[PDB]
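Taken in order, the sequence shown gives residues 25 to 148; the numbers are from our numbering.
Don't be surprised by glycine CBs; every beta carbon is placed ideally from N, CA and C.
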Amino acid sequence: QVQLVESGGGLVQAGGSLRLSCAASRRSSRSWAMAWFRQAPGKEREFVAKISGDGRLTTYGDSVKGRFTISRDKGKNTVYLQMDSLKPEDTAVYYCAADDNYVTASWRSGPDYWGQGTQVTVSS
């Protein structure tokens, strides 16, 4: 019954920015760690970024570090991904995910809940 709904995807020229958003259908007594992953054809869905329930800890995949920023609203199960300096290599369907554990939130099978995906395409 928990639902995660992503928004903010689009088709944009290289070098440009997008901001993805994700809101869960409820708050939890401890806010969930949240994460973004991305999937493109021919490649396993990959971890992009995560943030702890309390917002104090973040980590990024090697390919996006320095360009993307993950943030959340304090005490809500929402999460954002600000994507700057977009490259064609960033084209994928981006999924938000929620986990009651920050350490496993970057594992393909860690999170409890998954969104349906928002497409992001970066043209050259």
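| query | result |
| --- | --- |
| Three or more beta-carbon pairs under 8 angstroms between the segment 134-143 and the segment 80-94, yes or no? | no |
| Which residues does DSSP list as the beta-bridge partners of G34? | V144 |
| I believe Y126 touches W60 by the beta-carbon criterion, under 8 angstroms. Please report the beta-carbon distance rounded to the nearest angstrom. | The Cβ separation is near 14 angstroms, so there is no contact. |
| For residue 150, count neighbouring Cβ atoms within 10 angstroms of its own Cβ and tell me buried if that reaches 16, exposed if not. | Nothing about residue 150 can be read from this structure; the chain reaches only from 25 to 148. |
| Could you check where the beta strand (DSSP E) with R69 kicks off and where it finishes? | Where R69 is concerned, there is no enclosing beta strand (DSSP E), given that its DSSP letter is neither H nor E. |
| So for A129, helix, strand or coil by DSSP? | helix |
| My understanding is that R50 touches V26, with C-beta atoms under 8 angstroms, so please give their C-beta distance in whole angstroms. | 7 angstroms |
| Where do the ends of the beta strand (DSSP E) carrying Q63 lie? | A57 to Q63 |
| Which residue or residues does DSSP assign as beta-bridge partners of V103? | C46 |
| Leaving out five residues before and five after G141 in sequence, what residues of the same chain have Cβ atoms less than 8 angstroms from its Cβ? | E30, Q63, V117, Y118 and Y119 |
| What residue from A129, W131, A47 and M107 has the CA that sits closest to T145's CA? | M107 |
| Let's test the definition: count the other Cβ atoms within 10 Å of the Cβ of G77 and tell me whether it reaches 16, buried, or not, exposed. | buried |
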